[PDB]
Structures are given as structure tokens and as C-alpha cells.
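Let me begin by presenting the structure, written as C-alpha cells, before commenting on it.
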Amino acid sequence: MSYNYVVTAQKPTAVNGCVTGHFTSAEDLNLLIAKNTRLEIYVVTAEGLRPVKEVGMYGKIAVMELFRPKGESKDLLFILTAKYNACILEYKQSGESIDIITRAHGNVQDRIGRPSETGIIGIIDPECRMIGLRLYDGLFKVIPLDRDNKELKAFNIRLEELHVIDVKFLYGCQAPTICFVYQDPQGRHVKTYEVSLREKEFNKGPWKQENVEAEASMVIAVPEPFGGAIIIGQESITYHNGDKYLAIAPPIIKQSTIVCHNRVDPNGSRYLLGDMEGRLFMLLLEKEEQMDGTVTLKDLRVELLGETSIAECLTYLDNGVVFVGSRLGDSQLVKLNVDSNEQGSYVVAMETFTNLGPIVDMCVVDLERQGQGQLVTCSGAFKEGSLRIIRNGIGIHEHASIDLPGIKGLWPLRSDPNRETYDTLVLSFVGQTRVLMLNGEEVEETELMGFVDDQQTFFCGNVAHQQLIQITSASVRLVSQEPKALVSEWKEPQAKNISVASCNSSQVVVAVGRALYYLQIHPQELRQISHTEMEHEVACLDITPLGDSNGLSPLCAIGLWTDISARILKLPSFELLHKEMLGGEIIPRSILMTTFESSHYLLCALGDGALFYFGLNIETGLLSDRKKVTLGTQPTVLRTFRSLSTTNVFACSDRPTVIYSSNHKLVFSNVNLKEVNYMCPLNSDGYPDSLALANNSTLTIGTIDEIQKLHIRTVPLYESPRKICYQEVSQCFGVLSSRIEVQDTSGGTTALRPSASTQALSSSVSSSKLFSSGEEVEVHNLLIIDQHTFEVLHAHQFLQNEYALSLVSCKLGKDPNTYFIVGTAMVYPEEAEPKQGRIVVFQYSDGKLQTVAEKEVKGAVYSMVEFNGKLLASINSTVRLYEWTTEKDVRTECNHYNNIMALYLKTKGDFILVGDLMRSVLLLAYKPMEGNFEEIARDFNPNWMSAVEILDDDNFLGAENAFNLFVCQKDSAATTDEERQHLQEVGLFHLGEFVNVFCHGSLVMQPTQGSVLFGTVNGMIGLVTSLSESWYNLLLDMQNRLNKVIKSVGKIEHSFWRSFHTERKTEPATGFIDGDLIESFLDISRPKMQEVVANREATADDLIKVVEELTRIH
Amino acid sequence: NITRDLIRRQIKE
């Protein structure tokens, strides 16, 4: 009986794979980007990447290849999952809908076999005769491509070589032939076999096993024109083919290992090479033509081209463009030129995509000190290290604050017919109208000609022909720029009001009730045109001359009031077209027609806060999509605002919301604001690119943030951040950091570039004498980062070979100071495990960093929380509790010894603690007895932990080694000595991510209990919450209903995916819910959504409301 | 050196 819920807050952003080809059309260039469980399909364009399709799969993508057999009009896609799900995919565009269809699938894991060296490798023959897998040592699995084999049946062949580094299929080979680098005793070797599938054996390869260098790792199979194989080692590159043998050993490449490649030119004249450094190389093969003799290979050379992000994945695209898949850093779109720039680089970045990278550690802070957490991650590694500040929502910056408990509308006002700046904001009021002349930045309420102050303005637009309108309770007044008085003024042929106002900068379309007139601000006078009567009372109206119309406006739309409807119409005629019947007893408060890039949009807000959304047609215009949200609980006013190239829709509610744009879609993110009642663009000479926004009581004006649901602000550290703490009193962060350095010829160590610790504002080194006794090395630092500016205020460098692994910001003992304590450790590469380390206690003062105390240890300090005014640490395998002498020193109180390796600890308010490396988790208490540890209980399973949390008094979350999550609790049980001494795994669940950090916090607010945020190696940020048994049960059920209804991509079974799994056991998931899947619900059609129900009560869209309520936890 | 391995593990593969 454990009941948890897990959702993704941020999808993985690291890039594991990327592959290029024609997957969308025979004539289309696509870049397929593989995150972890996310496949991203693009079309390469002049601008770069046209997003087209983003699906998620039920597994971690380990293999991703495009291929095209015969008769096949375009490329199909092969994908192997890490749980050995193999599938084959096809891009299907049902004219206007899109689908990725599974042409074949099946699971290719084998009970036999130990997962090999260099991990899964999936290759595919040039002729497409088969697919070659290397899942295990000794085996080589072959999946024969045939029209059938829709279940991907496969055979294994025995592989004599038990240790294969890399393999490819050779080109221009009659028989399917593989080429591989393998390792034995006495070096590495390149060797070949034909693959005859009609016998299920191998056969001899075309060329004799040559040798390759000790560190050979990549095999490139050169295309048909050249044929053969390139082998890439350290400091050396070689070419093999039959008796042909070519070798270069360019000094330049010794510096760092080549990690990745890519064919640039189809013939393979040219390849890209990726470095551990981020260096980019061109590999060039000098061809050679000899009449009556196809071609040969005279030479090959390497040229340094420049520098990218550390590249996992490289892919030449169109002309000089290269996509850079990055895992340690931000991914990027990059450009190659024939000419280098200034210090010498042929590489020029074009676009950078944000990778929250490896989140190595993180922490929550409301920096703005409101009631929302921002989250602050140590990210990336080496040159890509960064902090990322992550903040939900879209904010605005407030410039004035005028108390006006009334404002019932407001429109812009340029008082000078030249400047695109306005100096007035005439504003509807509680049955009034106030004008507002501005002295630039100042505020002033005065009169204005032909604009009634006694009456309630319902509009105020920017009517052309040198005129200013003010439509009122009564009727459309008129004022000039030239005359500036009472130029004209309409009035209802009966002394009845205008109910609903309209106007763009050229039209006027009011309503009287059921009535629908039409007036014009023609040169200096308002002339009448049409009149039509409607079934019911006009609720709301919209007109704006969309695209192909200068001021004068095409078709129309309206919501009415007893038949709560929205309908499509024309202009002077009012001829009714298609329509829609929305439900309930609440009338449409607002209707809208818009545009962004390539669609004309229609939305309709109701008084319950909900909104229905649809698209119209400038040419025709009819019905579109039908979905239903929950923005405010209050009626929503829709409006459109000035921003970047794509100006957008702002929704006014108790939950202010922006509606931007996705692919060609539209964003739905919160605006970080109390409540916005009405809202409009502005620009005054004293307030430019400003937005105006009145609430219950107050005008406000300011710019906008980004757009997404999450805003991220990066602090480039240029080295690898490791741990991170917030010392509030000091208004700064502590960050442990590590920089790499190389052996000097003095013997010392230099540095490869300026980092955050070398460009530090001030600085200091360890003096401490506790110890006495090319080549690369780490230099470690505590950095002091201002919380507002994110400047490195101070840098404290630790000793030669001292890694700093843990950090806390705490007060200790009676002592009233907040210290920064750092646990460290002396690492020497030969050693298995450090035997020496220290704890160091520091204070950061006015702007100072004092070494307040040190403390020898006989190990590596892995973690340390602040217990109860004491410092609980943890060294190599011993867990301790330090007391702070009044004499200001850390002295031992007690220690627990029964650990293989204590890596993590957390503290449940009370005297309770938890953690371990290969042996899952322990629970400990502090006994104010003799002041001792009592080991309360442990989990008796072989979990190699990576992260540990306490969700509550009895519930412990755990993440491990194998991308699983688990929960333990203490066994409430008779025989309270053994059953008591044991805690049971009451929840299991395969996440699919490696978790580095849990911490309590949330990114949201100012059903569910708790909020635990987690930070993963892939850039994925998730959330774990707790549930009621009934909520659990509701959701479990609905989890299963949902799986019947939803087509999973490669036809992977959801529950196969979520299955707690190791290469020693596989159990199904218990006590866990992916809201990821629950949430999936809303993307479903109401038909397929009805099925989800057939059965305290049962409903058809009660659940639609349960699920909404959830999406808002993050 | 297992400390180095763990540091490597946090940055994965």
C-alpha cells in the first residue's frame, strides 16, 4: 500500500542520437533527433529546421536508423529500445493528419547473454537484406528483412570473438559482410565475415584479419564508390580494404579522443569527426582516377575546422550546415565555410538549443522571494558547465501602480497623428469614463473633446482619417485630429443602447440586442449601412481585417444568449454559414478571430473560465477542432498583443494566460500575475513596447518574458559544476566546481581555458598542512555566486588532488553563524578508493571567505546533511555525527559502520536518517540516549543507488543504477525484531532516466500530498507526489482503460515499459502512476475518451476535470 | 578509482 504519482516537468533535452534522410517524402530532407524516449522529426530548410513531428516512445532509444529496401517509395525507420523493443516505422501523412505507423515489431532480447562491451549496436546492410544486432557477447543476432517478418523474427549466430568494440556492414560486398574491431589478449584486430542467412552461419570474410591499435574504437564503412573501412584510434587513423592499407598519425588528434563521425559527401570523399574537446575535424580521402579502372585511394588527411559543443551526434545537412547533437552541452545548428574567420575557425554557430544537460545537482529557491520556486541546476560538464535558473510561467515587469477599483475596459491612444507612441489611455469605468493624458511617464486625468465623462465608454480604437472614436453606453461618438471636437455622433433610431461594441481602425459593428447594425468612420462622418436581427441576444462580437484586407473586414463570428452558441457569418449581408452549439447555461463572454503565420483562428471564452477553440477560413470558414479548457474560473477576456514577429493572444482571467504558438499550433502558459481583468498593448514616450493591464484595482504596464511554460536563464561556468547550495543570509550560492588541467613541463598544471574559477572576482587557496606525501588532472573550487547577478564573487581552490564532493549551508551548535561546509577527498588514480579527505568549515562575511576550521578524515566524504544543529556526514562507508564545540571545532559524537558505501543521506525532521551504494537503503535514528545511532531497518535488495529521498515518516524514495524508482516502508508487523528490522519495497516503477538529485520543492503556486523534484542525467526534470488510496485506485484503473484506447508507437506495451527491471529481475510496476500517461488523456478524441468509461459514481468528462486539476502540480 | 567512477556516472555513458 504505497501510492505515488510521477510526472515529467521537463522532457529530456540531451541528444543521444540524430540521423538524416528522406523519411517524410522521397524529396524531403529530415533530421530525426533522438532524445531518450522522444523522437523529433524535422524538415531541413533554408532557415534550418522546420519542426514536423514529435512523438514519445515507451523506451529509451538505443538504435535509430533510416533505410530503404526495394519498391519502398521513401525511407523507413528502424528503432531499437533498451528493453530490446525492436520496431520499424513509417511516416504517414493522412493529408492533414500525421501518424507514425508500425510496419513491424517484436522483442529481440534473449534470456541467454550478458549485455556486451560498448552496449547495444544495431546495423543495417547497404542492400537492406537484413539488420545486424549486437546485444550480447558471443552472439550476433540477425533480423532478416522480408516483406513479412512483421514480428521481426531473428536468429543468433555464434561469435568467436567475445569482445567486439564496433561493427559495420561493408559496402560493395556481394554477400552481406560485416567488419569489426575486437579485443583479445595481445591487442586489437580488424576481422570480417560474410553473412549467409540461408544457412545461419557466418563464412569467411573477404579480407584477412589485420591488426589495429590498442585504442581503436570506431569503424567507418566507406560507401560504394571507394569501399573499405576506416578505423579510428587515439593519435592515429587507418584505412583497410583487401590488401590496401593506408595510415596517418596526425599529432593534432592525440589531444583528445574522437567520439563521433558523419559522412558529408555520399561518395565519402569527406567525413566530420567529433572530439572529447568539442573540436571538429574534416577527414578527407584523396581519391585517384585511372582510366579503365574505377578509382582508388591515394591519401587521407585531417583538418581542424573549429569548435562545437561536445558532440555525441554529428550530421551534415544541406550546404555547410551541421547539426550538433550534444549530451554534455547545449545542442546546436552550426555552419561551415570555405574561409576561416579571425583566430582561425571555419565553424560558425547559427543556433543553440538549450540542454539542461546532465543535471548533476540542483536546488530550489524563490529568488524573487514570492511563493514560487525557481530551480537552480548544476549542468553540463567541462566547457559546457552552467547553472540553469528555471522558472515556471511568464512574468511581466511593473512600472506604475495606479489604484483604480473599477476599470472595465481600456484602449491605447496616440494623441499625435505621427508618432506610433500613445499618450492617453481612455478607460471604461463603473458606468463612467476617465481620460488619461500622459506627460511622457507622468499621469493626468483631464477632459477630451467629444468624449463623454458621464457615460460608460465601451470602445476607443484607432480609427483612420485623422479621427478618435469613443463608443459609449449610448452611441458611437466622433472626434477629429484636425477639428478635435464633435465631428459626428451616431444614435440608435429609437433611443436604445449599444450592447456590444466593435471597430478595428476602419469598421464599426455594434449590436442593440438581437440587432446588428453597421457604421463607418468615413472622412469626417459616420455613415450607416446594414441591419439584421438574430434568434437571440448578441453576447459578443469580433472583427479585424485579417490579411488580404486593408482596414475593411471580410467574414464574421458571434456568440448569443439562450442558445449559448457561436456561429459563422458575412459582412453587410450577415448571411449565416456553419455554427456550433456549446453546452451548459453560461453565455459566451468573448469571441476572437486572429492570425499568426498560416491560419486564421477562432476562439470563444465562456463565463465559467473555460474556453472552446477552433480555426476559421478567410476564404470559406466553417468548423474546426473542439476542445475545452479551464483558464480562469472567472469569465475570460481575449485580446492580442505586440511582441516579436509573431504577436499573440492574451487571456484575462483570475488565471491570466498567454496563448502563443507551438509548431504552427498555440502555447498555453501561465502569466505570473495576481489577476488581470482587461489588457492592451501600449508604447508612450515614457513607456515603449509596454503592455497595460488592470485588475480588481490597479493599472500596470511592462514587457513580457519568453513564452514557454518554463523560462530558463543560463550562467555559463566554462567548467563542470558539481554541487550547489543556497546561503540566504548571504544572498548567494555556493557551488563546487571542477576544472581540468594538463601536466606542465615545469611538471605543474596549467589550464586549457579561462573558467569561472580563474576569472573569479577575488580568490584564495588552501593553506592547510594535514597531509605530506599531457597528464590530465582536476582542480576543485568552492565558488561564491551572487544571487542577483550570478557573478563569481569568490573562488576558493582546494589542495593539489583534493576533490570537493559535498556541500551544505548551515548554522551549527549554539554558534549563530551560517557556515558553508565542504566535504572533500584526496583522489589518486592508482588508488581504488581514497583513504584521506577533510571537512572544511567556511564563512563568507562582508565579501570575505574565511577557512574557519578543518577536520581530517580517513575517507572520501560522499554526502552531508545538517542534522539537528549537528553535522551528519558520511565518509567512504562510515556515517558520522559531528558536534560543533563552543570552542568552534567539529568533534565526533557517534558513527554507524554497517555500510558497503554510504553515498546519500536525508533527515526526516526527527532523529531519522537513510542511505547506501550497492545495497539499497538503511533507516537510522539518533538516540538522545548515550547519543548513539540505532540502525532501525533496511531494504534487503541489490539496488545500486544513485539518489535517495524521504517523502515522509514511513515512506522512502529511491532511484538506482538501472533507471528504476522504488519506495520502501517499515513493516508494521508482529514479531517486532525481524519483520521490524526489514522494510518492504511497496512501490516499483521503471522511470527510464538516471536520477542524480531529489529535493523537496515545487515550481508553481503563489488531491496530492508532497512535491519532490528530481533532476536527471538527461535534462529531464520530473516530480514525485503522494496519493489517497482512492485517487490511486481511480487512476490505476484509468491507467489501464487508457492503454486499450491508445496506440503506442512501435506497438510497445506500456506496462512492459513501466516494469521494474534489472538484468537480474523483472516485476510489474506497483504503487506508481505516470501522470505523463494520465495527462495523455486530454490529447484524446471525445469518442476514444468515452470508451475510457463504462463505469461512488461514473462519468464522461468528470475525468477531463480530474486530469486538468493534476496538470497544475507543475 | 571509485570516486572518479561515480563522478563519471553522474555525467553517464
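Convention: chains lettered A, B, ... in C-alpha cells order; per-chain residue numbering from 1; ligands numbered from 1 as shown.
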
Test item: residues at most 12 Å from residue 89 (chain A), only C-alpha atoms, excluding those fewer than 3 positions along its chain, as a PDB file with C-alpha atoms, in the first residue's frame:
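Wrote it out as result_8.pdb, contents follow:
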```
ATOM      1  CA  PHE A  23      11.503   9.889 -44.081  1.00  0.00           C
ATOM      2  CA  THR A  24       8.812  12.364 -44.738  1.00  0.00           C
ATOM      3  CA  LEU A  39      11.857  11.134 -31.280  1.00  0.00           C
ATOM      4  CA  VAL A  55       6.443  11.545 -30.648  1.00  0.00           C
ATOM      5  CA  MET A  57       8.155   6.099 -27.210  1.00  0.00           C
ATOM      6  CA  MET A  64      17.992   4.711 -34.754  1.00  0.00           C
ATOM      7  CA  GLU A  65      18.468   4.142 -38.488  1.00  0.00           C
ATOM      8  CA  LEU A  66      16.825   5.126 -41.746  1.00  0.00           C
ATOM      9  CA  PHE A  67      16.860   2.625 -44.591  1.00  0.00           C
ATOM     10  CA  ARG A  68      15.034   1.967 -47.812  1.00  0.00           C
ATOM     11  CA  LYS A  74      10.667   6.616 -49.105  1.00  0.00           C
ATOM     12  CA  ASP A  75      12.910   5.718 -46.118  1.00  0.00           C
ATOM     13  CA  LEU A  76      11.527   3.698 -43.231  1.00  0.00           C
ATOM     14  CA  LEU A  77      12.872   3.986 -39.711  1.00  0.00           C
ATOM     15  CA  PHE A  78      14.380   1.292 -37.550  1.00  0.00           C
ATOM     16  CA  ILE A  79      14.294   1.748 -33.794  1.00  0.00           C
ATOM     17  CA  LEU A  80      15.669  -0.489 -31.093  1.00  0.00           C
ATOM     18  CA  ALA A  86      12.666  -3.521 -31.894  1.00  0.00           C
ATOM     19  CA  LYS A  92       2.109   8.673 -42.701  1.00  0.00           C
ATOM     20  CA  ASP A  99       0.837   9.319 -37.933  1.00  0.00           C
ATOM     21  CA  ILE A 100       3.885   7.263 -37.300  1.00  0.00           C
ATOM     22  CA  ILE A 101       2.818   3.700 -38.114  1.00  0.00           C
ATOM     23  CA  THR A 102       4.444   0.434 -37.024  1.00  0.00           C
ATOM     24  CA  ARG A 103       5.140  -1.727 -40.048  1.00  0.00           C
ATOM     25  CA  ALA A 104       6.729  -4.436 -37.951  1.00  0.00           C
ATOM     26  CA  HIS A 105       7.783  -5.128 -34.375  1.00  0.00           C
ATOM     27  CA  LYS A 150       6.152  -8.338 -39.419  1.00  0.00           C
ATOM     28  CA  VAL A1049       4.261   3.797 -31.176  1.00  0.00           C
ATOM     29  CA  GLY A1050       6.399   0.761 -32.050  1.00  0.00           C
ATOM     30  CA  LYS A1051       3.451  -1.095 -30.504  1.00  0.00           C
TER      31      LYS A1051
END
```

Compile the contact shell of residue 1 (chain B) as a ChimeraX atom specification: residues with an atom at most 6 Å away, counting only C-alpha atoms, same-chain residues fewer than 2 positions apart removed.
/A:829,831-833 /B:3-4

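CA of residue 171 (chain A) sits 18.4 Å away from CA of residue 284 (chain A).
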
Test item: residues at most 12 Å from region 8-11 of chain B, only C-alpha atoms, excluding those fewer than 5 positions along its chain, as a PyMOL selection string:
(chain A and resi 14+327-329+357-361+378-382+384-385+720-723+944-947+960-962+993-997+1015-1019) or (chain B and resi 1-3)

With N, CA, C and O atoms retained, export the selected residues as a compact mmCIF listing (two decimals), in the first residue's frame.
```txt
# COMPACT_ATOMS: atom_id res chain seq x y z
N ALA A 14 18.80 16.30 -23.60
CA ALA A 14 20.05 15.81 -24.11
C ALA A 14 19.82 15.04 -25.42
O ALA A 14 18.72 14.60 -25.71
N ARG A 327 25.23 16.08 -25.52
CA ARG A 327 24.72 15.38 -24.37
C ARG A 327 25.26 16.08 -23.11
O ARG A 327 24.53 16.30 -22.17
N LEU A 328 26.53 16.48 -23.14
CA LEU A 328 27.18 17.22 -22.07
C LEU A 328 26.86 18.70 -22.12
O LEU A 328 27.12 19.42 -21.13
N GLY A 329 26.33 19.17 -23.27
CA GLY A 329 26.14 20.62 -23.50
C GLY A 329 24.91 20.93 -24.34
O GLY A 329 24.18 20.03 -24.70
N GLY A 357 21.03 19.37 -19.78
CA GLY A 357 22.32 18.69 -19.80
C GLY A 357 22.26 17.65 -18.76
O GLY A 357 21.18 17.30 -18.33
N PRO A 358 23.42 17.14 -18.34
CA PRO A 358 23.36 16.44 -17.04
C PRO A 358 23.07 17.44 -15.92
O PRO A 358 23.87 18.33 -15.68
N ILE A 359 21.89 17.37 -15.34
CA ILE A 359 21.66 17.99 -14.07
C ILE A 359 22.41 17.16 -13.01
O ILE A 359 21.98 16.06 -12.64
N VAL A 360 23.54 17.68 -12.53
CA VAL A 360 24.44 16.92 -11.68
C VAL A 360 24.02 17.06 -10.23
O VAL A 360 24.22 16.15 -9.46
N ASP A 361 23.40 18.19 -9.93
CA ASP A 361 22.89 18.55 -8.62
C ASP A 361 21.92 19.74 -8.83
O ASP A 361 21.99 20.41 -9.86
N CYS A 378 23.13 22.51 -11.30
CA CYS A 378 24.48 22.40 -11.82
C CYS A 378 24.34 21.60 -13.09
O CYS A 378 23.84 20.49 -13.01
N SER A 379 24.78 22.13 -14.24
CA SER A 379 24.56 21.46 -15.51
C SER A 379 25.77 21.37 -16.40
O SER A 379 26.70 22.20 -16.32
N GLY A 380 25.73 20.37 -17.29
CA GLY A 380 26.70 20.26 -18.33
C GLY A 380 27.93 19.72 -17.69
O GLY A 380 27.90 19.25 -16.53
N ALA A 381 29.04 19.75 -18.40
CA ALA A 381 30.29 19.25 -17.84
C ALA A 381 31.41 19.86 -18.66
O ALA A 381 31.15 20.36 -19.76
N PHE A 382 32.62 19.89 -18.11
CA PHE A 382 33.70 20.69 -18.68
C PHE A 382 33.26 22.05 -19.26
O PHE A 382 32.43 22.73 -18.65
N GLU A 384 31.07 23.05 -21.02
CA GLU A 384 29.66 23.31 -21.10
C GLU A 384 29.00 23.49 -19.77
O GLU A 384 27.77 23.72 -19.77
N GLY A 385 29.76 23.35 -18.66
CA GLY A 385 29.18 23.55 -17.27
C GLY A 385 28.41 24.83 -17.19
O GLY A 385 28.88 25.73 -17.88
N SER A 720 33.07 22.27 -14.94
CA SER A 720 31.98 21.38 -14.54
C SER A 720 31.40 21.53 -13.14
O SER A 720 31.95 21.00 -12.21
N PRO A 721 30.22 22.15 -13.01
CA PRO A 721 29.74 22.39 -11.67
C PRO A 721 29.43 21.04 -11.00
O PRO A 721 28.99 20.08 -11.66
N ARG A 722 29.58 20.94 -9.68
CA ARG A 722 29.29 19.63 -9.08
C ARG A 722 28.19 19.58 -8.04
O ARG A 722 27.34 18.69 -8.06
N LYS A 723 28.19 20.53 -7.12
CA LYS A 723 27.15 20.60 -6.09
C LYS A 723 26.74 22.04 -5.94
O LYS A 723 27.52 22.96 -6.32
N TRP A 944 21.91 -0.72 -6.60
CA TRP A 944 22.99 0.25 -6.64
C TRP A 944 22.39 1.66 -6.74
O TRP A 944 22.19 2.18 -7.83
N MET A 945 22.10 2.26 -5.60
CA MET A 945 21.54 3.60 -5.56
C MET A 945 22.31 4.66 -6.35
O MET A 945 23.52 4.57 -6.58
N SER A 946 21.57 5.68 -6.74
CA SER A 946 22.14 6.92 -7.20
C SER A 946 21.55 8.15 -6.47
O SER A 946 22.24 9.16 -6.39
N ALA A 947 20.30 8.04 -5.95
CA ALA A 947 19.66 9.15 -5.26
C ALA A 947 18.60 8.65 -4.31
O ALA A 947 17.94 7.66 -4.61
N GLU A 960 17.91 4.18 -8.73
CA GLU A 960 19.17 3.42 -8.83
C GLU A 960 19.72 3.12 -10.20
O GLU A 960 19.01 3.11 -11.18
N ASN A 961 21.02 2.91 -10.25
CA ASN A 961 21.72 2.14 -11.27
C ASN A 961 20.99 1.84 -12.57
O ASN A 961 21.57 1.91 -13.63
N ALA A 962 19.72 1.46 -12.49
CA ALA A 962 19.06 0.88 -13.63
C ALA A 962 17.75 1.62 -14.02
O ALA A 962 16.77 1.05 -14.54
N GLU A 993 15.17 7.08 -16.66
CA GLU A 993 16.18 8.12 -16.50
C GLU A 993 17.09 7.83 -15.35
O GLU A 993 16.69 7.20 -14.40
N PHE A 994 18.31 8.32 -15.40
CA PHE A 994 19.20 8.20 -14.25
C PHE A 994 19.04 9.43 -13.32
O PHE A 994 19.28 10.59 -13.74
N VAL A 995 18.61 9.19 -12.08
CA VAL A 995 18.35 10.32 -11.17
C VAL A 995 19.59 10.79 -10.33
O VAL A 995 20.15 10.00 -9.57
N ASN A 996 20.07 12.02 -10.50
CA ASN A 996 21.18 12.49 -9.65
C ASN A 996 20.67 13.17 -8.36
O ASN A 996 21.34 13.07 -7.36
N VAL A 997 19.51 13.81 -8.36
CA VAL A 997 19.14 14.58 -7.20
C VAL A 997 17.65 14.60 -6.95
O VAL A 997 16.86 14.89 -7.83
N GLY A 1015 16.00 15.51 -10.58
CA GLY A 1015 16.85 16.04 -11.62
C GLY A 1015 17.67 14.89 -12.18
O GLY A 1015 18.35 14.07 -11.48
N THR A 1016 17.60 14.78 -13.49
CA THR A 1016 18.14 13.58 -14.14
C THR A 1016 19.32 13.86 -15.08
O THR A 1016 19.65 14.96 -15.48
N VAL A 1017 20.05 12.81 -15.48
CA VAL A 1017 21.23 12.97 -16.27
C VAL A 1017 20.99 13.48 -17.69
O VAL A 1017 21.92 13.70 -18.50
N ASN A 1018 19.72 13.67 -18.04
CA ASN A 1018 19.41 13.79 -19.47
C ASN A 1018 18.81 15.12 -19.75
O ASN A 1018 18.63 15.53 -20.90
N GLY A 1019 18.45 15.76 -18.65
CA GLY A 1019 17.97 17.11 -18.64
C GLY A 1019 16.54 17.04 -18.27
O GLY A 1019 15.88 18.05 -18.17
N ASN B 1 39.43 4.27 -9.79
CA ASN B 1 39.20 4.90 -8.51
C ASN B 1 37.72 5.19 -8.45
O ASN B 1 37.16 5.90 -9.29
N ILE B 2 37.07 4.59 -7.47
CA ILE B 2 35.64 4.54 -7.44
C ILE B 2 34.99 5.93 -7.35
O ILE B 2 33.88 6.16 -7.87
N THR B 3 35.67 6.84 -6.65
CA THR B 3 35.25 8.24 -6.61
C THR B 3 35.25 8.82 -8.03
O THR B 3 34.33 9.53 -8.42
```

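Here CA of residue 526 (chain A) stands at a distance of 9.1 Å from CA of residue 487 (chain A).
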
List as a ChimeraX atom specification the protein and nucleic acid residues near residue 939 (chain A), meaning an atom at most 9 Å away when only C-alpha atoms are counted, but skip any in the same chain fewer than 5 places from it.
/A:919-923,968-969,981-985

Could you give me, as a JSON list (two decimals) with N, CA, C and O atoms, in the first residue's frame, the residues within 9 Å of residue 837 (chain A), counting only C-alpha atoms and dropping anything in the same chain fewer than 3 positions from it?
```json
[["chain", "number", "residue", "atom", "x", "y", "z"],
["A", 802, "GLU", "N", 42.69, 17.43, -4.37],
["A", 802, "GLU", "CA", 41.60, 17.40, -3.45],
["A", 802, "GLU", "C", 40.26, 17.65, -4.19],
["A", 802, "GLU", "O", 39.99, 18.75, -4.65],
["A", 803, "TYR", "N", 39.44, 16.62, -4.32],
["A", 803, "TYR", "CA", 38.11, 16.77, -4.86],
["A", 803, "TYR", "C", 37.19, 17.20, -3.75],
["A", 803, "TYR", "O", 37.23, 16.67, -2.65],
["A", 823, "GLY", "N", 32.72, 18.89, 2.21],
["A", 823, "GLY", "CA", 33.43, 17.63, 2.44],
["A", 823, "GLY", "C", 34.27, 17.32, 1.24],
["A", 823, "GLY", "O", 33.79, 17.46, 0.12],
["A", 824, "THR", "N", 35.51, 16.90, 1.45],
["A", 824, "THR", "CA", 36.43, 16.71, 0.32],
["A", 824, "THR", "C", 37.09, 15.34, 0.31],
["A", 824, "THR", "O", 36.66, 14.44, 1.01],
["A", 825, "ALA", "N", 38.14, 15.16, -0.47],
["A", 825, "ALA", "CA", 38.73, 13.86, -0.52],
["A", 825, "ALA", "C", 39.97, 13.79, -1.45],
["A", 825, "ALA", "O", 40.00, 14.39, -2.52],
["A", 826, "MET", "N", 40.99, 13.06, -1.02],
["A", 826, "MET", "CA", 42.21, 13.05, -1.78],
["A", 826, "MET", "C", 42.22, 11.87, -2.75],
["A", 826, "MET", "O", 42.35, 10.71, -2.34],
["A", 827, "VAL", "N", 42.11, 12.18, -4.03],
["A", 827, "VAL", "CA", 41.91, 11.19, -5.07],
["A", 827, "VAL", "C", 43.22, 10.98, -5.80],
["A", 827, "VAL", "O", 43.75, 11.93, -6.35],
["A", 834, "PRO", "N", 39.85, 6.55, -2.13],
["A", 834, "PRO", "CA", 40.62, 7.45, -1.28],
["A", 834, "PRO", "C", 40.48, 7.06, 0.19],
["A", 834, "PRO", "O", 39.40, 6.65, 0.64],
["A", 855, "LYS", "N", 39.08, 19.49, 9.39],
["A", 855, "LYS", "CA", 38.89, 18.23, 10.11],
["A", 855, "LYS", "C", 39.35, 17.02, 9.33],
["A", 855, "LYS", "O", 38.64, 16.55, 8.50],
["A", 856, "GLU", "N", 40.53, 16.48, 9.63],
["A", 856, "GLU", "CA", 40.99, 15.29, 8.94],
["A", 856, "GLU", "C", 39.93, 14.20, 8.97],
["A", 856, "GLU", "O", 39.22, 14.02, 9.99],
["A", 857, "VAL", "N", 39.77, 13.51, 7.83],
["A", 857, "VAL", "CA", 39.06, 12.21, 7.81],
["A", 857, "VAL", "C", 39.89, 11.14, 7.10],
["A", 857, "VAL", "O", 40.88, 11.45, 6.40],
["A", 858, "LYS", "N", 39.48, 9.88, 7.31],
["A", 858, "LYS", "CA", 40.17, 8.71, 6.73],
["A", 858, "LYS", "C", 39.33, 8.10, 5.60],
["A", 858, "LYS", "O", 39.17, 6.88, 5.48],
["A", 859, "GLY", "N", 38.80, 8.98, 4.75],
["A", 859, "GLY", "CA", 37.97, 8.57, 3.65],
["A", 859, "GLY", "C", 37.59, 9.72, 2.75],
["A", 859, "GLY", "O", 38.19, 10.79, 2.82],
["A", 860, "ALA", "N", 36.59, 9.46, 1.91],
["A", 860, "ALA", "CA", 36.03, 10.41, 0.94],
["A", 860, "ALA", "C", 34.66, 10.82, 1.39],
["A", 860, "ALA", "O", 33.76, 10.00, 1.39],
["A", 861, "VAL", "N", 34.48, 12.07, 1.74],
["A", 861, "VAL", "CA", 33.18, 12.48, 2.24],
["A", 861, "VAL", "C", 32.11, 12.57, 1.13],
["A", 861, "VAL", "O", 32.14, 13.50, 0.31],
["A", 875, "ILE", "N", 31.54, 9.17, 5.42],
["A", 875, "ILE", "CA", 32.84, 9.01, 4.85],
["A", 875, "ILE", "C", 33.18, 7.64, 4.27],
["A", 875, "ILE", "O", 33.38, 6.72, 4.98]]
```

Mind pulling up the distance from CA of residue 33 (chain A) to CA of residue 353 (chain A)?
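Interatomic distance here is 12.3 Å.
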
With DSSP run on the backbone, what are the strand (DSSP E or B) residues within region 290-474 of chain A? I'd like them as a PyMOL selection string.
chain A and resi 295+299-307+313-316+321-325+331-336+347-353+359-365+374-379+386-392+394+396+402+424+427-429+432-434+437+444+467-468
